[PDB]
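First comes one chain, alone, set out as structure tokens in the form deposited in one PDB entry.
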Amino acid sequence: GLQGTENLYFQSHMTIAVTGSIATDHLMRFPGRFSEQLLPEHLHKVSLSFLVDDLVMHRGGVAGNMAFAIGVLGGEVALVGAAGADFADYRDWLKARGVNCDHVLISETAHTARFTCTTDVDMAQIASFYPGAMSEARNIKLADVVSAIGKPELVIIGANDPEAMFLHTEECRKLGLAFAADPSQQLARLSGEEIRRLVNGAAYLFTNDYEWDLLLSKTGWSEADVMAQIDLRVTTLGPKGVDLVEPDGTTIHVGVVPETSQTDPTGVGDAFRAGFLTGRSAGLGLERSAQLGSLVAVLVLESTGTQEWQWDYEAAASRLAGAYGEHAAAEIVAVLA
């Protein structure tokens, strides 16, 4: 009754655009411990052959995961990445949860990227990633996306074809789009200069604490050097929670939702980021948004695959209330409706 129809519709098009990998995750379980059974002698002429007792294929890719979670939580999200012609079923899966997939580049030749991962009983991982169609993400122009769906409220620059990451970030700077620097695995692979090129001007920087130290080491930046380039640092601390740090040093710390199981750590970070950014878009403060992100992250930790979790108001509210109090759980549920 009190909504301005014109202005509400005007803003409805301001989506989150998620750029990053789109993949199939081929996940296997090793019924042992890599750290214990592997010995230093096995690394000098490497020949490893693990017997695995489980194998499942699931939808994945950092951008696929984040878009799935934003869509499931009710946000407005567009998936912007490269995949192969095999993508049809994945497309239907994402569209059924509200994800705009019109601007997924479909390669004429290459298959969708593949993440192959063997996880042991202690959640340690030995994995390989095949880019396939992901390399063609460097041919996506965010200008065309904007022309089609309008200026997004935020562009997430997740792990992707590296050249696509640099081009997307620079196009955000040029078009005045707010972006979240979420380089994740590429922090292990890029040079300090390249990383600096991904961070400058970011509305958000997302890393975990290890990745934060890695970024500082490789870039040669101090923390103050980074905070001069970004509006907010979000650093996940695993079971120790998450820090949200403004440029003036103001820090908000949020604890985690305790897990009922540690099934598979794949996609936990993606899910935290998706939940946090959905909460922020929905009007929640930094602390409440991080609390939502922590819930989604633990739901991914407790399931095999990255998009196999389920959203249930009653269970979500109960776990949020247990971790953060009934008032916080109520505010979170109130914005998600």
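In this text, residue numbers run from 1 along the sequence as written. Here, rigid core means the biggest group of C-alpha atoms that superpose within 1.5 Å across both forms.
Just so it is clear, the following notes concern the form deposited in another entry, a form of the same protein that is not shown.
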Item to check | Core-superposed comparison between this form and the one not shown - Cα displaced by 2 angstroms or more, from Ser184, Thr235, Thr119, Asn100 | outcome: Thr119
Checklist entry - Once the two forms are fit on the core, has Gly32 moved its CA by at least 2 Å between this form and the one not shown? => result yes
Next on the checklist: Is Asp53 displaced by at least 2 Å at its C-alpha between this form and the one not shown when the rigid core is overlaid?
Outcome noted: yes
Item to check | Displaced residue check between this form and the one not shown: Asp312, CA, 2 Å or over, core reference | outcome: no
